[PDB]
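K.L.:
The structure's right below; bear with me while I get my questions together.
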Amino acid sequence: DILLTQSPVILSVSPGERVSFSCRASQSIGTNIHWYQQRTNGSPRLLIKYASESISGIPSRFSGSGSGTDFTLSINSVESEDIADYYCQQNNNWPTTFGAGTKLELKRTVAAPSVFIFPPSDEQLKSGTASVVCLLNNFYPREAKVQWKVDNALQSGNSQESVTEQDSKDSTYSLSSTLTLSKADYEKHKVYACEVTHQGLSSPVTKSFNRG
Amino acid sequence: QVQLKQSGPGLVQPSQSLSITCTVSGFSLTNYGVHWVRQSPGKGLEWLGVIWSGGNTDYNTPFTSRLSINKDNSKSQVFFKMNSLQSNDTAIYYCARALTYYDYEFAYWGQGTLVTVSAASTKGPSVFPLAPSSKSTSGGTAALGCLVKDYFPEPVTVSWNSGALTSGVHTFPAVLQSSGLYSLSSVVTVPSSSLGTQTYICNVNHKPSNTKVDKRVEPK
Amino acid sequence: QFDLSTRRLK
């Protein structure tokens, strides 16, 4: 099989800049290469066929070049909606094979998260478990720290985080931190606090609530 | 328009078989080949095989013995069946159609079927409200959401107000808990003044367990 | 590395 090597694994650019994706083949494949865009939760979308041929309904900012072993997908001026992974495909040799993909990330201005905290529902407490949720909304860059405290006791290892993929419209991220405890411990304490550290804040932001 | 719609996502026991149906429209199977491609953590995009206009099949070398593709032209259906799945066969499976009948430039894709190979049982989620409050309001914007807890396998879909609410929606990637069940939250920010006037409902759908829940979310 | 939850490289 042809090995297709895409480089680099991650590209990071700002809107309006040109960007180029590289695809190298293990032996010559003429111009038999196609390029695909994959967005979050999406199926691959055909951008360019046969190295440089345009595809109906694909924006003009996409173009391709190359022949032999070395190929390039270009975006002449990057838009926020181009945040995706990109894959090349050869079909000069059976079977058709795909490269491992390059991730496109967008830079933007620093944006501080908005922080919200949600106590567990009475509904959930009926089941014997309490989930306390801390939401950090629309921030940049991705790195942030969430620290839980129950009655001044620092919590560790009893929470999980999830981060959305980069927003296609404003390039920010969102983060959820869920602190999980039993109904019994929850009823045993009063003050529930999520302290958030981020580059866009001039000091840690604490959102808290007293049970009841 | 041209469309490829795949059967719902499902769990497959180890050593057991995977069956997916691809129902097409916008073109006739007697004129185009339908291909099958998957996407795994281990091997990325991987072409599995094809059934041509005339019914001939090709299978990528590693699958010549455990793969079978068939079709019903009159019903516009293509059937994929793979045998003896190990856990590294966990992946997204797609059916695809090319631009020209003989070619491999995949211009049309199915939505993809997330396939989980695991011995565990299906379990539907519980849906708990993430109630808006003053602790979740800022600048006349309130945040609110739904906690979709303790389900297996992935995925669940979540929408808001039956699709009419999409702006300001963030539905988080599922995380695997220690219990081996997944969990996620879906949040939305809205004007706080609309909380007394508008209804907010998260539509949670977990197909593998046939669980559909509409959860109304109110200030407490 | 491809992640089945987001369908994105992680």
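In the structure tokens, the first chain shown is A, the next is B, and so on; residue numbers restart at 1 for each chain, and ligands run from 1 in the order shown.
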Got a sec: who's within 8 Å of residue 41 of chain A, counting only C-alpha atoms, leaving out chain neighbours fewer than 6 positions off, as a VMD selection string?
P.N.:
chain C and resid 5 to 8
K.L.:
Deliver the residues from the most recent selection as a file, using N, CA and C atoms, as a CSV table (one decimal), in the first residue's frame.
P.N.:
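Below is the file selection.csv, written as the result:
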chain,number,residue,atom,x,y,z
C,5,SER,N,-15.6,10.4,19.8
C,5,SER,CA,-16.6,11.2,20.4
C,5,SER,C,-16.8,12.5,19.6
C,6,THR,N,-15.7,13.1,19.2
C,6,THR,CA,-15.8,14.4,18.5
C,6,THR,C,-15.6,14.3,17.0
C,7,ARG,N,-15.1,13.1,16.6
C,7,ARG,CA,-14.7,12.9,15.2
C,7,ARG,C,-13.6,13.8,14.9
C,8,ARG,N,-12.7,14.1,15.8
C,8,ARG,CA,-11.6,15.0,15.5
C,8,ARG,C,-10.3,14.4,16.0
K.L.:
Could you make a table, as a tab-separated table, of the residues of chain A that have an atom within 8 Å of an atom of chain C, each with its nearest atom pair and distance in Å to one decimal, counting only C-alpha atoms, in chain and number order?
P.N.:
residue	atom	partner	partner_atom	distance
A:38	CA	C:8	CA	7.7
A:39	CA	C:8	CA	7.3
A:40	CA	C:6	CA	5.6
A:41	CA	C:7	CA	5.0
A:42	CA	C:7	CA	6.8
A:84	CA	C:8	CA	7.7
A:85	CA	C:8	CA	6.8
A:101	CA	C:9	CA	7.8
A:103	CA	C:9	CA	6.7
A:165	CA	C:6	CA	7.8
K.L.:
How would the residues just picked look written out with N, CA and C atoms as a compact mmCIF listing (two decimals), in the first residue's frame?
P.N.:
# COMPACT_ATOMS: atom_id res chain seq x y z
N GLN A 38 -12.76 17.48 7.41
CA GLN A 38 -13.66 16.94 8.41
C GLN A 38 -13.85 17.90 9.58
N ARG A 39 -15.10 18.33 9.76
CA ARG A 39 -15.46 19.16 10.89
C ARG A 39 -15.95 18.33 12.07
N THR A 40 -16.06 18.97 13.23
CA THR A 40 -16.49 18.31 14.46
C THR A 40 -17.82 17.58 14.28
N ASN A 41 -17.82 16.29 14.60
CA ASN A 41 -18.96 15.41 14.38
C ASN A 41 -19.42 15.26 12.92
N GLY A 42 -18.57 15.64 11.97
CA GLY A 42 -18.92 15.57 10.56
C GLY A 42 -18.31 14.39 9.80
N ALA A 84 -10.91 22.60 11.24
CA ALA A 84 -11.23 21.21 10.96
C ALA A 84 -9.95 20.38 10.89
N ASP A 85 -10.10 19.08 10.61
CA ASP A 85 -8.96 18.25 10.22
C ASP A 85 -8.98 18.02 8.72
N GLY A 101 -3.85 12.92 8.52
CA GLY A 101 -4.60 14.13 8.79
C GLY A 101 -3.77 15.21 9.46
N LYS A 103 -4.49 18.88 11.71
CA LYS A 103 -5.49 19.66 12.43
C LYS A 103 -5.26 21.16 12.24
N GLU A 165 -14.80 21.41 21.06
CA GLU A 165 -13.90 21.78 19.98
C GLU A 165 -14.02 23.27 19.77
K.L.:
Can you tell me, as a PyMOL selection string, which residues in chain B count as strand (DSSP E or B) by DSSP?
P.N.:
chain B and resi 3-6+10-12+18-25+34-40+44-51+57-59+67-72+77-82+91-98+106-109+113-117+123+126-130+137-138+141-152+157-160+165+169-171+175-176+182-191+201-206+211-216
K.L.:
Can you tell me, as a PDB file with N, CA and C atoms, in the first residue's frame, which residues in segment 155-194 of chain A count as alpha helix (DSSP H) by DSSP?
P.N.:
ATOM      1  N   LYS A 183     -25.158  11.487  47.667  1.00  0.00           N
ATOM      2  CA  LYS A 183     -26.173  12.334  48.283  1.00  0.00           C
ATOM      3  C   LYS A 183     -25.797  12.667  49.724  1.00  0.00           C
ATOM      4  N   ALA A 184     -25.224  11.687  50.419  1.00  0.00           N
ATOM      5  CA  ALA A 184     -24.918  11.812  51.843  1.00  0.00           C
ATOM      6  C   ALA A 184     -23.863  12.869  52.148  1.00  0.00           C
ATOM      7  N   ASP A 185     -22.749  12.841  51.415  1.00  0.00           N
ATOM      8  CA  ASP A 185     -21.695  13.847  51.582  1.00  0.00           C
ATOM      9  C   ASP A 185     -22.196  15.223  51.176  1.00  0.00           C
ATOM     10  N   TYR A 186     -22.979  15.266  50.106  1.00  0.00           N
ATOM     11  CA  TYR A 186     -23.522  16.527  49.647  1.00  0.00           C
ATOM     12  C   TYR A 186     -24.366  17.143  50.756  1.00  0.00           C
ATOM     13  N   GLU A 187     -25.284  16.362  51.314  1.00  0.00           N
ATOM     14  CA  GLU A 187     -26.103  16.855  52.425  1.00  0.00           C
ATOM     15  C   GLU A 187     -25.284  17.176  53.688  1.00  0.00           C
TER      16      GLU A 187
END
K.L.:
Could you list, as a PyMOL selection string, every residue within 9 Å of residue 23 of chain B, counting only C-alpha atoms and ignoring same-chain residues fewer than 5 positions away?
P.N.:
chain B and resi 3-7+75-79
K.L.:
Measuring atom to atom with only C-alpha atoms, identify which of B:109, B:27, B:200, B:152 is nearest to chain A.
P.N.:
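Among the listed residues, B:109 lies closest to chain A.
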K.L.:
Please identify all polymer residues within 12 Å of residue 163 of chain A, counting only C-alpha atoms, omitting same-chain residues fewer than 5 positions from it, and present them as a list in words.
P.N.:
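Contacts, in chain order: residues 135, 136, 137, 138, 139, 140, 141, 142, 143, 144, 172, 173, 174, 175, 176, 177 and 178 of chain A; 170, 171, 172, 173, 174, 175, 184, 185 and 186 of chain B; 5, 6 and 10 of chain C.
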K.L.:
So that each row is one residue of chain B with an atom at most 8 Å from chain C, can you give its shortest atom pair and the distance in Å to one decimal, using only C-alpha atoms, rows by chain and rising number, as a Markdown table?
P.N.:
| residue | atom | partner | partner_atom | distance |
| --- | --- | --- | --- | --- |
| B:39 | CA | C:2 | CA | 7.7 |
| B:40 | CA | C:2 | CA | 6.5 |
| B:41 | CA | C:2 | CA | 4.5 |
| B:42 | CA | C:1 | CA | 7.3 |
| B:44 | CA | C:2 | CA | 6.4 |
| B:91 | CA | C:4 | CA | 6.8 |
| B:92 | CA | C:4 | CA | 7.0 |
| B:114 | CA | C:4 | CA | 7.4 |
| B:154 | CA | C:5 | CA | 7.6 |
| B:155 | CA | C:5 | CA | 7.6 |
| B:173 | CA | C:5 | CA | 6.1 |
| B:174 | CA | C:5 | CA | 6.5 |
K.L.:
Next, write the just-selected residues to a file, as a compact mmCIF listing (two decimals), in the first residue's frame, keeping C-alpha atoms as the atom set.
P.N.:
# COMPACT_ATOMS: atom_id res chain seq x y z
CA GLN B 39 -12.36 5.73 10.74
CA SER B 40 -10.70 4.28 13.85
CA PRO B 41 -8.34 5.69 16.49
CA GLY B 42 -5.73 3.12 15.50
CA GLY B 44 -7.47 6.59 10.75
CA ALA B 91 -14.76 2.94 14.71
CA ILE B 92 -17.05 5.09 12.63
CA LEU B 114 -20.50 4.91 15.49
CA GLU B 154 -22.13 6.42 22.67
CA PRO B 155 -23.64 8.48 21.13
CA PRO B 173 -17.96 15.74 24.31
CA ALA B 174 -18.92 12.70 26.37
K.L.:
With distances taken over only C-alpha atoms, which residue among A:93, A:181, A:83, A:204 lies nearest residue 29 of chain A?
P.N.:
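Nearest to residue 29 of chain A: A:93.
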K.L.:
Compute the chain A side of the contact with chain B at 9 Å, counting only C-alpha atoms, and hand it back as a JSON list (two decimals) with N, CA, C and O atoms, in the first residue's frame.
P.N.:
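Output file out37.json is given in full below:
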[["chain", "number", "residue", "atom", "x", "y", "z"],
["A", 33, "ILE", "N", -4.57, 12.41, -6.27],
["A", 33, "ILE", "CA", -4.73, 12.74, -4.86],
["A", 33, "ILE", "C", -5.97, 13.61, -4.69],
["A", 33, "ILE", "O", -6.22, 14.50, -5.48],
["A", 34, "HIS", "N", -6.75, 13.30, -3.66],
["A", 34, "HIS", "CA", -7.96, 14.04, -3.31],
["A", 34, "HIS", "C", -7.80, 14.59, -1.89],
["A", 34, "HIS", "O", -7.03, 14.05, -1.10],
["A", 42, "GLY", "N", -18.57, 15.64, 11.97],
["A", 42, "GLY", "CA", -18.92, 15.57, 10.56],
["A", 42, "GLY", "C", -18.31, 14.39, 9.80],
["A", 42, "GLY", "O", -17.44, 13.68, 10.31],
["A", 43, "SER", "N", -18.80, 14.18, 8.59],
["A", 43, "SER", "CA", -18.22, 13.20, 7.68],
["A", 43, "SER", "C", -17.26, 13.97, 6.79],
["A", 43, "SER", "O", -17.36, 15.19, 6.71],
["A", 44, "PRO", "N", -16.31, 13.27, 6.14],
["A", 44, "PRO", "CA", -15.37, 14.00, 5.29],
["A", 44, "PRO", "C", -16.09, 14.70, 4.14],
["A", 44, "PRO", "O", -17.08, 14.18, 3.61],
["A", 45, "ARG", "N", -15.59, 15.88, 3.78],
["A", 45, "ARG", "CA", -16.16, 16.72, 2.74],
["A", 45, "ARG", "C", -15.08, 16.91, 1.67],
["A", 45, "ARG", "O", -13.97, 17.38, 1.97],
["A", 46, "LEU", "N", -15.40, 16.56, 0.42],
["A", 46, "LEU", "CA", -14.44, 16.61, -0.70],
["A", 46, "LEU", "C", -14.13, 18.04, -1.12],
["A", 46, "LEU", "O", -15.03, 18.78, -1.52],
["A", 47, "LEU", "N", -12.85, 18.43, -1.05],
["A", 47, "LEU", "CA", -12.43, 19.80, -1.33],
["A", 47, "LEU", "C", -11.84, 19.96, -2.72],
["A", 47, "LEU", "O", -12.14, 20.91, -3.44],
["A", 49, "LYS", "N", -10.13, 17.42, -6.03],
["A", 49, "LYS", "CA", -9.86, 16.11, -6.59],
["A", 49, "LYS", "C", -8.70, 16.19, -7.60],
["A", 49, "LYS", "O", -8.52, 17.21, -8.27],
["A", 50, "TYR", "N", -7.93, 15.11, -7.70],
["A", 50, "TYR", "CA", -6.80, 15.03, -8.62],
["A", 50, "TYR", "C", -5.87, 16.23, -8.46],
["A", 50, "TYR", "O", -5.67, 17.00, -9.39],
["A", 55, "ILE", "N", -13.99, 21.56, -6.89],
["A", 55, "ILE", "CA", -15.19, 20.77, -6.60],
["A", 55, "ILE", "C", -16.38, 21.71, -6.41],
["A", 55, "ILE", "O", -16.27, 22.74, -5.75],
["A", 87, "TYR", "N", -7.49, 15.76, 5.31],
["A", 87, "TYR", "CA", -6.94, 14.47, 4.92],
["A", 87, "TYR", "C", -6.67, 14.40, 3.43],
["A", 87, "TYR", "O", -7.48, 14.84, 2.64],
["A", 89, "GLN", "N", -5.86, 11.73, 0.09],
["A", 89, "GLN", "CA", -6.18, 10.37, -0.33],
["A", 89, "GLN", "C", -5.48, 10.10, -1.66],
["A", 89, "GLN", "O", -5.59, 10.91, -2.58],
["A", 91, "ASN", "N", -5.20, 7.54, -5.04],
["A", 91, "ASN", "CA", -5.79, 6.41, -5.74],
["A", 91, "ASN", "C", -5.09, 6.03, -7.05],
["A", 91, "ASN", "O", -5.71, 5.59, -8.03],
["A", 94, "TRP", "N", -4.09, 0.55, -6.05],
["A", 94, "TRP", "CA", -5.07, -0.16, -5.23],
["A", 94, "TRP", "C", -4.34, -0.79, -4.05],
["A", 94, "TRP", "O", -3.28, -1.39, -4.23],
["A", 95, "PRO", "N", -4.91, -0.67, -2.83],
["A", 95, "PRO", "CA", -6.19, -0.02, -2.55],
["A", 95, "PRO", "C", -6.02, 1.48, -2.29],
["A", 95, "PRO", "O", -4.91, 1.92, -1.95],
["A", 96, "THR", "N", -7.08, 2.27, -2.46],
["A", 96, "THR", "CA", -7.01, 3.69, -2.15],
["A", 96, "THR", "C", -6.70, 3.85, -0.64],
["A", 96, "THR", "O", -7.24, 3.12, 0.20],
["A", 97, "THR", "N", -5.79, 4.76, -0.32],
["A", 97, "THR", "CA", -5.34, 4.93, 1.07],
["A", 97, "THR", "C", -5.39, 6.40, 1.46],
["A", 97, "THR", "O", -5.32, 7.28, 0.59],
["A", 98, "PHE", "N", -5.50, 6.66, 2.76],
["A", 98, "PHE", "CA", -5.62, 8.02, 3.27],
["A", 98, "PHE", "C", -4.46, 8.32, 4.18],
["A", 98, "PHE", "O", -3.95, 7.43, 4.87],
["A", 99, "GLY", "N", -4.04, 9.58, 4.20],
["A", 99, "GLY", "CA", -3.07, 10.05, 5.17],
["A", 99, "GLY", "C", -3.72, 10.19, 6.54],
["A", 99, "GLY", "O", -4.93, 10.00, 6.69],
["A", 100, "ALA", "N", -2.90, 10.52, 7.54],
["A", 100, "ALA", "CA", -3.35, 10.56, 8.93],
["A", 100, "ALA", "C", -3.94, 11.90, 9.35],
["A", 100, "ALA", "O", -4.46, 12.01, 10.47],
["A", 101, "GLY", "N", -3.85, 12.92, 8.52],
["A", 101, "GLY", "CA", -4.60, 14.13, 8.79],
["A", 101, "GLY", "C", -3.77, 15.21, 9.46],
["A", 101, "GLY", "O", -2.79, 14.94, 10.16],
["A", 114, "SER", "N", -16.71, 33.30, 30.87],
["A", 114, "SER", "CA", -17.82, 33.55, 31.81],
["A", 114, "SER", "C", -18.07, 32.29, 32.66],
["A", 114, "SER", "O", -18.21, 31.20, 32.11],
["A", 115, "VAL", "N", -18.13, 32.43, 33.98],
["A", 115, "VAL", "CA", -18.22, 31.26, 34.87],
["A", 115, "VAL", "C", -19.59, 31.13, 35.50],
["A", 115, "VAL", "O", -20.11, 32.08, 36.09],
["A", 116, "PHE", "N", -20.17, 29.93, 35.41],
["A", 116, "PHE", "CA", -21.49, 29.66, 35.97],
["A", 116, "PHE", "C", -21.41, 28.39, 36.81],
["A", 116, "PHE", "O", -20.69, 27.46, 36.45],
["A", 117, "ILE", "N", -22.14, 28.33, 37.92],
["A", 117, "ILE", "CA", -22.17, 27.10, 38.71],
["A", 117, "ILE", "C", -23.61, 26.59, 38.91],
["A", 117, "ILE", "O", -24.52, 27.37, 39.16],
["A", 118, "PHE", "N", -23.80, 25.29, 38.77],
["A", 118, "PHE", "CA", -25.11, 24.66, 38.92],
["A", 118, "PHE", "C", -25.06, 23.59, 40.01],
["A", 118, "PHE", "O", -24.33, 22.60, 39.89],
["A", 119, "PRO", "N", -25.84, 23.78, 41.09],
["A", 119, "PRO", "CA", -26.05, 22.73, 42.10],
["A", 119, "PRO", "C", -26.75, 21.53, 41.48],
["A", 119, "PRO", "O", -27.33, 21.68, 40.41],
["A", 120, "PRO", "N", -26.68, 20.36, 42.12],
["A", 120, "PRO", "CA", -27.40, 19.17, 41.65],
["A", 120, "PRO", "C", -28.91, 19.37, 41.74],
["A", 120, "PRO", "O", -29.37, 20.11, 42.59],
["A", 121, "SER", "N", -29.69, 18.74, 40.87],
["A", 121, "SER", "CA", -31.14, 18.88, 40.94],
["A", 121, "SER", "C", -31.66, 17.99, 42.07],
["A", 121, "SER", "O", -31.03, 16.99, 42.39],
["A", 123, "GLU", "N", -34.10, 16.26, 41.70],
["A", 123, "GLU", "CA", -34.35, 15.10, 40.85],
["A", 123, "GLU", "C", -33.19, 14.11, 40.93],
["A", 123, "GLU", "O", -33.38, 12.91, 41.13],
["A", 124, "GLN", "N", -31.97, 14.63, 40.76],
["A", 124, "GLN", "CA", -30.79, 13.76, 40.80],
["A", 124, "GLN", "C", -30.54, 13.23, 42.20],
["A", 124, "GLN", "O", -30.15, 12.08, 42.38],
["A", 131, "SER", "N", -24.31, 15.76, 41.36],
["A", 131, "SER", "CA", -23.37, 16.32, 40.38],
["A", 131, "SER", "C", -23.41, 17.83, 40.46],
["A", 131, "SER", "O", -24.45, 18.45, 40.25],
["A", 133, "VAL", "N", -22.00, 21.21, 38.69],
["A", 133, "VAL", "CA", -21.41, 21.53, 37.39],
["A", 133, "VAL", "C", -20.91, 22.97, 37.39],
["A", 133, "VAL", "O", -21.64, 23.88, 37.79],
["A", 135, "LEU", "N", -19.33, 25.74, 34.68],
["A", 135, "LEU", "CA", -19.24, 26.01, 33.25],
["A", 135, "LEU", "C", -18.36, 27.22, 33.01],
["A", 135, "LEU", "O", -18.57, 28.28, 33.62],
["A", 137, "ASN", "N", -17.46, 29.55, 29.91],
["A", 137, "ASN", "CA", -18.05, 29.77, 28.60],
["A", 137, "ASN", "C", -17.27, 30.77, 27.75],
["A", 137, "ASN", "O", -16.87, 31.85, 28.24],
["A", 160, "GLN", "N", -14.53, 15.61, 36.64],
["A", 160, "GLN", "CA", -14.08, 15.39, 35.28],
["A", 160, "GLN", "C", -14.31, 16.65, 34.44],
["A", 160, "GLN", "O", -15.24, 17.42, 34.70],
["A", 161, "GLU", "N", -13.44, 16.86, 33.45],
["A", 161, "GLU", "CA", -13.58, 18.01, 32.57],
["A", 161, "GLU", "C", -13.91, 17.55, 31.18],
["A", 161, "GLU", "O", -13.55, 16.45, 30.78],
["A", 162, "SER", "N", -14.61, 18.40, 30.44],
["A", 162, "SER", "CA", -14.81, 18.21, 29.03],
["A", 162, "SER", "C", -14.65, 19.57, 28.37],
["A", 162, "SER", "O", -15.13, 20.59, 28.88],
["A", 163, "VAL", "N", -13.95, 19.58, 27.24],
["A", 163, "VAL", "CA", -13.76, 20.81, 26.47],
["A", 163, "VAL", "C", -14.33, 20.65, 25.06],
["A", 163, "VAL", "O", -14.01, 19.70, 24.35],
["A", 164, "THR", "N", -15.19, 21.58, 24.66],
["A", 164, "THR", "CA", -15.70, 21.57, 23.29],
["A", 164, "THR", "C", -14.57, 21.79, 22.31],
["A", 164, "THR", "O", -13.50, 22.31, 22.66],
["A", 165, "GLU", "N", -14.80, 21.41, 21.06],
["A", 165, "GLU", "CA", -13.90, 21.78, 19.98],
["A", 165, "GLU", "C", -14.02, 23.27, 19.77],
["A", 165, "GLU", "O", -14.96, 23.90, 20.23],
["A", 174, "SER", "N", -15.24, 26.15, 25.17],
["A", 174, "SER", "CA", -16.01, 26.08, 26.41],
["A", 174, "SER", "C", -15.64, 24.84, 27.21],
["A", 174, "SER", "O", -15.31, 23.81, 26.65],
["A", 175, "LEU", "N", -15.69, 24.96, 28.53],
["A", 175, "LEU", "CA", -15.26, 23.89, 29.41],
["A", 175, "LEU", "C", -16.32, 23.62, 30.46],
["A", 175, "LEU", "O", -16.88, 24.54, 31.05],
["A", 176, "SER", "N", -16.55, 22.34, 30.73],
["A", 176, "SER", "CA", -17.41, 21.96, 31.83],
["A", 176, "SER", "C", -16.60, 21.11, 32.78],
["A", 176, "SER", "O", -15.89, 20.20, 32.35],
["A", 207, "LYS", "N", -17.04, 31.01, 41.68],
["A", 207, "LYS", "CA", -18.50, 30.93, 41.73],
["A", 207, "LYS", "C", -18.86, 29.89, 42.76],
["A", 207, "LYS", "O", -18.35, 28.77, 42.74],
["A", 208, "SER", "N", -19.74, 30.25, 43.68],
["A", 208, "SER", "CA", -20.09, 29.35, 44.76],
["A", 208, "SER", "C", -21.54, 29.43, 45.13],
["A", 208, "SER", "O", -22.26, 30.33, 44.72],
["A", 209, "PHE", "N", -21.97, 28.46, 45.91],
["A", 209, "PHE", "CA", -23.34, 28.48, 46.38],
["A", 209, "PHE", "C", -23.42, 27.74, 47.70],
["A", 209, "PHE", "O", -22.64, 26.81, 47.95]]
K.L.:
For atom CA of residue 208 of chain B and atom CA of residue 11 of chain B, determine how far apart the two atoms are, in Å to one decimal place.
P.N.:
7.2 Å
K.L.:
Using only C-alpha atoms, which of the listed residues (B:87, B:198, B:65, B:31) sits closest to residue 14 of chain B?
P.N.:
B:87
K.L.:
Tell me, in Å to one decimal, how far atom CA of residue 54 of chain A is from atom CA of residue 32 of chain B.
P.N.:
21.5 Å
K.L.:
Quick one: residues within 12 Å of segment 61-68 of chain A, only C-alpha atoms, excluding same-chain residues fewer than 2 positions away - as a PyMOL selection string?
P.N.:
chain A and resi 16-37+46-59+70-79+82+86+88+90+92
